[PDB]
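Text of run.txt (compact mmCIF, C-alpha atoms and all ligand atoms) as supplied:
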# COMPACT_ATOMS: atom_id res chain seq x y z
CA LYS A 2 -20.83 74.64 61.14
CA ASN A 3 -17.65 73.18 62.56
CA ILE A 4 -14.06 73.31 61.39
CA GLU A 5 -13.95 69.48 61.44
CA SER A 6 -16.23 69.37 58.36
CA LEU A 7 -13.92 71.76 56.48
CA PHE A 8 -10.96 69.45 55.77
CA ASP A 9 -9.92 66.15 54.33
CA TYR A 10 -7.63 64.20 56.63
CA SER A 11 -4.52 62.29 55.97
CA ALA A 12 -4.74 58.70 57.17
CA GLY A 13 -2.29 59.55 59.98
CA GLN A 14 -4.41 62.41 61.24
CA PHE A 15 -7.54 60.31 61.03
CA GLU A 16 -6.19 57.14 62.70
CA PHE A 17 -4.69 59.28 65.43
CA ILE A 18 -7.95 61.00 66.42
CA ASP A 19 -9.72 57.67 66.35
CA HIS A 20 -7.03 55.97 68.55
CA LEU A 21 -7.27 59.02 70.88
CA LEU A 22 -11.06 58.75 71.47
CA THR A 23 -10.83 54.97 71.68
CA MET A 24 -7.98 55.02 74.17
CA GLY A 25 -10.17 57.55 76.05
CA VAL A 26 -13.03 55.08 76.13
CA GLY A 27 -10.65 52.29 77.36
CA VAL A 28 -9.84 54.49 80.34
CA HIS A 29 -13.12 55.92 81.60
CA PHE A 30 -14.57 52.43 81.63
CA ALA A 31 -11.47 50.91 83.23
CA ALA A 32 -11.43 53.71 85.86
CA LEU A 33 -15.10 52.95 86.05
CA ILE A 34 -14.17 49.35 87.35
CA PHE A 35 -11.69 50.59 90.01
CA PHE A 36 -14.30 53.15 91.32
CA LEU A 37 -16.75 50.28 91.67
CA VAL A 38 -14.49 47.98 93.63
CA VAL A 39 -13.04 50.43 96.15
CA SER A 40 -16.52 51.78 96.96
CA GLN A 41 -16.92 49.15 99.69
CA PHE A 42 -14.01 50.73 101.60
CA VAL A 43 -15.56 54.19 101.73
CA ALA A 44 -17.65 55.23 104.74
CA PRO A 45 -21.42 55.73 104.28
CA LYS A 46 -21.07 59.60 104.36
CA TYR A 47 -18.54 59.68 101.49
CA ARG A 48 -19.70 56.76 99.40
CA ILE A 49 -21.85 58.76 96.97
CA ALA A 50 -18.71 60.68 95.97
CA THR A 51 -17.08 57.44 94.63
CA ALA A 52 -20.41 56.53 93.01
CA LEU A 53 -20.79 59.98 91.34
CA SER A 54 -17.43 59.22 89.53
CA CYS A 55 -18.93 55.98 88.39
CA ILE A 56 -21.36 58.36 86.49
CA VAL A 57 -18.76 60.84 85.27
CA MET A 58 -16.97 57.76 83.96
CA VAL A 59 -19.87 56.32 82.03
CA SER A 60 -20.93 59.69 80.71
CA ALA A 61 -17.68 60.96 79.23
CA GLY A 62 -17.37 57.34 78.22
CA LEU A 63 -20.57 57.02 76.13
CA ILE A 64 -20.15 60.37 74.29
CA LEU A 65 -16.39 59.59 73.83
CA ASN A 66 -17.28 56.13 72.37
CA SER A 67 -20.10 57.83 70.51
CA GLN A 68 -17.66 60.41 69.00
CA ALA A 69 -15.41 57.54 67.88
CA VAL A 70 -18.25 55.81 66.04
CA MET A 71 -19.34 59.08 64.42
CA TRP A 72 -15.75 59.80 63.44
CA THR A 73 -15.56 56.55 61.38
CA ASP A 74 -19.18 57.03 60.16
CA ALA A 75 -18.54 60.52 58.82
CA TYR A 76 -15.32 59.97 56.86
CA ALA A 77 -14.16 57.49 54.27
CA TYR A 78 -10.84 57.06 52.36
CA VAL A 79 -11.44 58.36 48.79
CA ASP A 80 -8.59 59.24 46.43
CA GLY A 81 -5.90 59.14 49.07
CA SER A 82 -7.54 61.22 51.86
CA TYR A 83 -10.27 60.71 54.44
CA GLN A 84 -13.15 62.79 53.21
CA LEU A 85 -16.48 63.59 54.76
CA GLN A 86 -19.33 61.42 53.52
CA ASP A 87 -23.09 61.70 54.34
CA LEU A 88 -22.92 62.01 58.13
CA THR A 89 -21.25 64.76 60.14
CA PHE A 90 -18.96 64.69 63.09
CA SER A 91 -19.01 67.44 65.71
CA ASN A 92 -18.10 68.14 69.30
CA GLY A 93 -21.57 69.47 69.90
CA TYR A 94 -22.51 66.44 71.96
CA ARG A 95 -19.35 66.97 74.08
CA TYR A 96 -20.74 70.19 75.60
CA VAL A 97 -24.02 68.51 76.76
CA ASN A 98 -22.18 66.02 78.74
CA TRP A 99 -20.14 68.80 80.38
CA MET A 100 -23.64 69.89 81.35
CA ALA A 101 -23.88 66.66 83.30
CA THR A 102 -20.28 65.84 84.09
CA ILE A 103 -19.54 68.93 86.23
CA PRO A 104 -22.33 69.18 88.92
CA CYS A 105 -21.52 65.60 89.78
CA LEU A 106 -17.80 66.38 90.16
CA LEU A 107 -18.52 69.58 91.93
CA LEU A 108 -20.83 67.34 93.90
CA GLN A 109 -18.15 64.79 94.79
CA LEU A 110 -15.75 67.66 95.74
CA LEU A 111 -18.44 69.21 97.96
CA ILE A 112 -19.17 65.81 99.48
CA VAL A 113 -15.64 65.25 100.75
CA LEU A 114 -15.31 68.84 101.89
CA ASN A 115 -17.87 67.71 104.47
CA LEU A 116 -20.48 70.28 103.42
CA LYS A 117 -23.83 69.17 104.80
CA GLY A 118 -27.50 70.02 104.69
CA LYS A 119 -28.38 73.57 103.72
CA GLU A 120 -24.87 74.78 102.83
CA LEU A 121 -24.35 71.63 100.77
CA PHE A 122 -27.65 71.99 98.83
CA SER A 123 -27.29 75.76 98.51
CA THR A 124 -23.67 75.63 97.26
CA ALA A 125 -24.66 72.80 94.86
CA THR A 126 -27.51 74.94 93.48
CA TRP A 127 -25.30 77.95 92.85
CA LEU A 128 -22.35 75.94 91.55
CA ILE A 129 -24.63 74.14 89.10
CA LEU A 130 -26.28 77.29 87.67
CA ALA A 131 -22.79 78.79 87.24
CA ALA A 132 -20.96 76.14 85.21
CA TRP A 133 -24.23 75.47 83.40
CA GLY A 134 -23.72 79.16 82.62
CA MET A 135 -20.06 78.61 81.55
CA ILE A 136 -21.10 75.51 79.55
CA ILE A 137 -24.00 76.98 77.41
CA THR A 138 -22.16 80.08 76.33
CA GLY A 139 -19.33 77.80 75.45
CA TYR A 140 -21.83 75.84 73.39
CA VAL A 141 -23.26 78.78 71.51
CA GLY A 142 -19.80 80.01 70.50
CA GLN A 143 -18.31 76.98 68.91
CA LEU A 144 -21.56 77.11 66.93
CA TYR A 145 -20.01 80.14 65.15
CA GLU A 146 -16.50 78.60 65.13
CA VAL A 147 -16.68 78.69 61.27
CA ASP A 148 -19.23 81.38 60.32
CA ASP A 149 -18.50 84.17 62.79
CA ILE A 150 -15.29 84.05 64.79
CA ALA A 151 -16.30 87.36 66.47
CA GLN A 152 -18.95 85.33 68.26
CA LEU A 153 -16.34 82.74 69.22
CA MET A 154 -14.32 85.29 71.23
CA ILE A 155 -17.43 87.20 72.30
CA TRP A 156 -19.16 83.97 73.46
CA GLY A 157 -15.70 82.83 74.55
CA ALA A 158 -15.53 86.12 76.56
CA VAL A 159 -18.83 85.43 78.23
CA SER A 160 -18.31 81.77 79.19
CA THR A 161 -14.85 82.68 80.50
CA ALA A 162 -16.40 85.13 82.98
CA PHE A 163 -18.53 82.23 84.45
CA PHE A 164 -15.45 80.08 84.61
CA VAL A 165 -13.65 82.73 86.62
CA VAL A 166 -16.72 83.30 88.76
CA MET A 167 -17.13 79.57 89.53
CA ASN A 168 -13.59 78.81 90.50
CA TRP A 169 -14.18 81.54 93.02
CA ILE A 170 -17.02 79.61 94.71
CA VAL A 171 -15.08 76.36 94.64
CA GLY A 172 -11.91 77.88 95.97
CA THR A 173 -13.75 79.76 98.72
CA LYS A 174 -15.51 76.60 99.88
CA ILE A 175 -12.24 74.62 99.65
CA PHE A 176 -10.11 77.00 101.71
CA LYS A 177 -13.04 77.63 104.11
CA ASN A 178 -13.59 73.95 104.95
CA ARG A 179 -10.01 72.73 104.91
CA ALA A 180 -10.11 72.53 108.70
CA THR A 181 -13.02 70.02 108.87
CA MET A 182 -11.02 67.58 106.88
CA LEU A 183 -9.66 64.45 108.48
CA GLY A 184 -6.72 62.13 107.97
CA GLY A 185 -4.34 64.68 106.46
CA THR A 186 -6.60 65.45 103.52
CA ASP A 187 -6.77 69.19 104.25
CA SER A 188 -3.32 69.24 102.56
CA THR A 189 -4.57 66.99 99.73
CA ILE A 190 -7.67 69.02 98.90
CA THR A 191 -5.68 72.11 97.88
CA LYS A 192 -3.81 69.96 95.32
CA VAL A 193 -7.08 68.90 93.67
CA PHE A 194 -8.11 72.56 93.50
CA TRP A 195 -4.92 73.15 91.57
CA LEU A 196 -5.08 70.07 89.30
CA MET A 197 -8.61 71.18 88.43
CA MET A 198 -7.46 74.53 87.08
CA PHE A 199 -5.20 72.78 84.63
CA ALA A 200 -7.73 70.35 83.09
CA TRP A 201 -10.31 73.13 82.63
CA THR A 202 -7.97 75.53 81.08
CA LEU A 203 -7.19 73.01 78.42
CA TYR A 204 -10.80 73.68 77.27
CA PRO A 205 -10.57 77.36 76.29
CA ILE A 206 -7.33 76.56 74.49
CA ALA A 207 -9.16 73.60 72.96
CA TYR A 208 -12.01 76.18 72.09
CA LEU A 209 -9.64 78.65 70.38
CA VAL A 210 -8.22 76.11 67.86
CA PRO A 211 -10.24 77.66 64.91
CA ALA A 212 -9.35 81.19 65.87
CA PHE A 213 -5.62 80.41 65.95
CA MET A 214 -5.11 77.15 64.06
CA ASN A 215 -7.99 76.68 61.58
CA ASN A 216 -6.54 73.71 59.67
CA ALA A 217 -6.53 69.90 59.94
CA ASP A 218 -3.71 69.85 62.52
CA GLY A 219 -5.76 72.20 64.69
CA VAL A 220 -8.59 69.70 64.45
CA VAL A 221 -6.19 67.09 65.78
CA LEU A 222 -4.73 69.32 68.46
CA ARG A 223 -8.24 70.27 69.58
CA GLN A 224 -8.96 66.50 70.08
CA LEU A 225 -5.60 66.02 71.73
CA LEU A 226 -6.40 68.88 74.12
CA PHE A 227 -9.74 67.15 74.52
CA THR A 228 -8.36 63.72 75.61
CA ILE A 229 -6.14 65.27 78.46
CA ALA A 230 -8.53 67.87 79.75
CA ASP A 231 -10.93 64.87 79.56
CA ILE A 232 -8.73 62.33 81.30
CA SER A 233 -7.74 64.89 83.83
CA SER A 234 -11.12 66.39 85.05
CA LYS A 235 -12.90 63.11 84.93
CA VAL A 236 -10.27 60.33 85.36
CA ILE A 237 -7.33 61.95 87.27
CA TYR A 238 -9.44 64.39 89.35
CA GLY A 239 -11.61 61.26 90.02
CA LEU A 240 -8.70 58.98 91.19
CA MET A 241 -7.66 61.89 93.44
CA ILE A 242 -11.17 62.49 94.77
CA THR A 243 -11.42 58.74 95.66
CA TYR A 244 -8.31 58.78 97.95
CA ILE A 245 -9.59 61.59 100.18
CA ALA A 246 -12.85 59.78 101.00
CA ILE A 247 -11.10 56.52 101.94
CA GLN A 248 -8.59 58.44 103.99
CA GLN A 249 -11.26 60.45 105.69
CA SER A 250 -13.29 57.24 106.15
CA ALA A 251 -10.41 55.59 108.04
CA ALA A 252 -9.90 58.78 110.05
CA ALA A 253 -13.59 58.67 111.11
CA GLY A 254 -13.27 55.03 112.18
CA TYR A 255 -14.56 53.04 109.21
CA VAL A 256 -12.87 49.73 109.70
CA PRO A 257 -13.03 48.60 106.01
CA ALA A 258 -11.23 51.80 105.08
CA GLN A 259 -8.60 51.31 107.80
CA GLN A 260 -8.05 47.69 106.66
CA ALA A 261 -7.87 48.75 102.97
CA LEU A 262 -5.33 51.51 103.71
CA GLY A 263 -3.33 49.25 106.02
CA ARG A 264 -3.32 46.52 103.36
CA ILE A 265 -1.27 48.96 101.25
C1 LIG B 301 -15.95 67.52 82.29
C2 LIG B 301 -15.45 68.75 83.00
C3 LIG B 301 -15.20 70.01 82.54
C4 LIG B 301 -14.68 70.78 83.73
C5 LIG B 301 -15.35 70.69 81.14
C6 LIG B 301 -15.15 72.08 81.25
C7 LIG B 301 -15.20 73.19 80.15
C8 LIG B 301 -14.63 74.44 80.47
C9 LIG B 301 -13.92 74.74 81.81
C10 LIG B 301 -14.66 75.44 79.38
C11 LIG B 301 -15.13 76.65 79.47
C12 LIG B 301 -15.11 77.57 78.19
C13 LIG B 301 -14.27 78.44 78.17
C14 LIG B 301 -14.27 79.19 79.50
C15 LIG B 301 -14.01 79.10 76.98
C16 LIG B 301 -15.23 79.44 76.17
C17 LIG B 301 -16.10 78.20 75.68
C18 LIG B 301 -15.85 76.98 76.85
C19 LIG B 301 -17.17 76.44 77.41
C20 LIG B 301 -14.95 75.84 76.21
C1 LIG B 302 -1.99 62.33 80.77
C2 LIG B 302 -1.72 61.84 79.34
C3 LIG B 302 -2.86 62.28 78.41
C4 LIG B 302 -3.12 61.19 77.40
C5 LIG B 302 -1.99 61.26 76.38
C6 LIG B 302 -2.61 61.34 74.99
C7 LIG B 302 -1.94 60.35 74.05
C8 LIG B 302 -0.47 60.69 73.87
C9 LIG B 302 -0.31 60.64 72.37
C10 LIG B 302 0.96 60.84 71.64
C11 LIG B 302 1.57 62.19 71.32
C12 LIG B 302 2.56 62.05 70.13
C13 LIG B 302 2.09 61.48 68.80
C14 LIG B 302 2.37 62.36 67.58
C15 LIG B 302 1.47 61.99 66.37
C16 LIG B 302 1.47 63.00 65.20
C17 LIG B 302 0.06 63.24 64.66
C18 LIG B 302 -0.05 62.82 63.17
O1 LIG B 302 0.10 61.63 62.83
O2 LIG B 302 -0.26 63.58 62.20
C1 LIG B 303 -9.59 49.82 73.84
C2 LIG B 303 -8.90 50.57 74.97
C3 LIG B 303 -7.39 50.54 74.69
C4 LIG B 303 -6.54 50.98 75.88
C5 LIG B 303 -6.31 49.76 76.78
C6 LIG B 303 -7.13 49.85 78.07
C7 LIG B 303 -6.21 49.76 79.29
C8 LIG B 303 -6.14 51.10 80.02
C9 LIG B 303 -5.28 51.00 81.28
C10 LIG B 303 -5.51 51.89 82.45
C11 LIG B 303 -6.65 52.90 82.45
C12 LIG B 303 -6.19 54.26 82.94
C13 LIG B 303 -6.66 54.44 84.37
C14 LIG B 303 -5.84 53.68 85.43
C15 LIG B 303 -6.66 52.71 86.30
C16 LIG B 303 -7.03 53.34 87.66
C17 LIG B 303 -6.99 52.36 88.83
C18 LIG B 303 -5.73 52.53 89.64
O1 LIG B 303 -5.58 53.53 90.39
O2 LIG B 303 -4.81 51.68 89.59
CL CL B 304 -20.25 57.46 107.63
CL CL B 305 -17.74 64.87 78.49

Write out the structure in this file as structure tokens.
Amino acid sequence: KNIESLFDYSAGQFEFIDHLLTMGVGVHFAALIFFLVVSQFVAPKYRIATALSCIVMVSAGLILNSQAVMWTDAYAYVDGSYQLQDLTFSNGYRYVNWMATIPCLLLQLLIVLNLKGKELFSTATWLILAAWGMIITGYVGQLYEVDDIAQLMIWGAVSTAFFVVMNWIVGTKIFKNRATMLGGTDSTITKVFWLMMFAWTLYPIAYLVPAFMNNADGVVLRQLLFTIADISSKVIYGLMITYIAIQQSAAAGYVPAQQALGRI
């Protein structure tokens, strides 16, 4: 149902996608280890945000590692190309993790914005229905990424709207609660907002590969645009979300965070 099943791959194409996903496993699980160790230097009120990235990291992780195994399961070298065998590959399982990866990030962004209580829970509930929104219409479109490209843009169209709509929430929150933010991180938080519009725009581009490049190199590009969007919303966004909590933790008087920052 997917363009990936349409082609045979040269060995270079196939080894490259495999090294991509594998390098992408190496990284979520090695970011995973950093996010563990620095969690002791984060104040009790921010510490779930570091932890949440421990989850992001295992979750893109598993599916990423899972895509790499299914890649080598699905294809074998026959007569000079890698050809599809008995099992399929697909990015279908990538959109389900998006289901889980985002609320969590959205959650760690909300946590360091210093949202609390009813605004925090409320804004989490809306944010989560919205991207969940964006995510599932994404899902249903790529379903027709071979049979019915009209549903790709049309479902593309729909999921985009949600993406616009949700950025609006996040941005409003971010620029509203800049002034609560301690240690200089009111400057930093606007940067993440920006970074975050890059990694998540890689996605629609990654989602129009069949419309505009329905061949084997588009399959590869699509995965390439997957590893960076991936590394950026999960790993770099993550890295960047960690620094604000430690900074704000030292600003609020958390001596392990002070000591950690002063050590560097
Ligand atoms: C792990 C984190 C993220 C932020 C993955 C995000 C996916 C998107 C921002 C993609 C949205 C869609 C667009 C708007 C285009 C139509 C189909 C998609 C779901 C890929
Ligand atoms: C922030 C960085 C994102 C991660 C970078 C992803 C990995 C960079 C990979 C190398 C790009 C150039 C390789 C060109 C290979 C040609 C593909 C082919 O063999 O057919
Ligand atoms: C089998 C995996 C192959 C790739 C080798 C793994 C090594 C990856 C190296 C760095 C991971 C990228 C993230 C950087 C670590 C973040 C911690 C820090 O801020 O210093
Ligand atoms: Cl605290
Ligand atoms: Cl994912």

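Shortest atom-to-atom contact with ligand LIG 302 (chain B) among A:61, A:28, A:136, A:4: A:28, counting only C-alpha atoms and all ligand atoms.
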
Produce a table with one row for each residue of stretch 62-84 of chain A that has an atom at most 8 Å from any atom of stretch 90-102 of chain A, each row naming the nearest atom pair and its distance in Å at one decimal; use all atoms listed in the file; arrange rows by chain and rising residue number; format as a tab-separated table.
residue	atom	partner	partner_atom	distance
A:64	CA	A:95	CA	6.7
A:65	CA	A:95	CA	8.0
A:68	CA	A:90	CA	7.4
A:71	CA	A:90	CA	5.8
A:72	CA	A:90	CA	5.9
A:75	CA	A:90	CA	6.0

field: Among listed residues A:226, A:240, A:207, A:261, nearest ligand LIG 302 (chain B) (using only C-alpha atoms and all ligand atoms)
entry: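 Of the candidates, the smallest distance to ligand LIG 302 (chain B) is held by A:226.
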
- request: Excluding residue A:241 and residues on its chain fewer than 4 positions from it, collect all residues at most 8 Å away from it, counting all atoms listed in the file, and give them as a ChimeraX atom specification.
  value: /A:193,237,245

Residue nearest residue A:87 among A:186, A:6, A:116, A:242 (counting all atoms listed in the file):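 Nearest to residue A:87: A:6.
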
Distance query stretch 208-221 of chain A at most 9 Å, only C-alpha atoms, self and fewer than 6 positions along chain excluded, as a PDB file with C-alpha atoms, keeping the file's coordinate frame:
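The resulting file, selection-v8.pdb, is reproduced below:
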ATOM      1  CA  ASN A   3     -17.650  73.180  62.560  1.00  0.00           C
ATOM      2  CA  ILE A   4     -14.060  73.310  61.390  1.00  0.00           C
ATOM      3  CA  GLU A   5     -13.950  69.480  61.440  1.00  0.00           C
ATOM      4  CA  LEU A   7     -13.920  71.760  56.480  1.00  0.00           C
ATOM      5  CA  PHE A   8     -10.960  69.450  55.770  1.00  0.00           C
ATOM      6  CA  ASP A   9      -9.920  66.150  54.330  1.00  0.00           C
ATOM      7  CA  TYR A  10      -7.630  64.200  56.630  1.00  0.00           C
ATOM      8  CA  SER A  11      -4.520  62.290  55.970  1.00  0.00           C
ATOM      9  CA  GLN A  14      -4.410  62.410  61.240  1.00  0.00           C
ATOM     10  CA  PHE A  15      -7.540  60.310  61.030  1.00  0.00           C
ATOM     11  CA  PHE A  17      -4.690  59.280  65.430  1.00  0.00           C
ATOM     12  CA  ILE A  18      -7.950  61.000  66.420  1.00  0.00           C
ATOM     13  CA  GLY A 139     -19.330  77.800  75.450  1.00  0.00           C
ATOM     14  CA  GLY A 142     -19.800  80.010  70.500  1.00  0.00           C
ATOM     15  CA  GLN A 143     -18.310  76.980  68.910  1.00  0.00           C
ATOM     16  CA  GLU A 146     -16.500  78.600  65.130  1.00  0.00           C
ATOM     17  CA  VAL A 147     -16.680  78.690  61.270  1.00  0.00           C
ATOM     18  CA  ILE A 150     -15.290  84.050  64.790  1.00  0.00           C
ATOM     19  CA  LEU A 153     -16.340  82.740  69.220  1.00  0.00           C
ATOM     20  CA  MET A 154     -14.320  85.290  71.230  1.00  0.00           C
ATOM     21  CA  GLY A 157     -15.700  82.830  74.550  1.00  0.00           C
TER      22      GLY A 157
END

- request: Can you work out which one of A:52, A:129, A:57, A:190 has the shortest atom-to-atom distance to ligand LIG 301 (chain B), counting all atoms listed in the file?
  value: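 Comparing A:52, A:129, A:57, A:190 against ligand LIG 301 (chain B), the winner is A:57.
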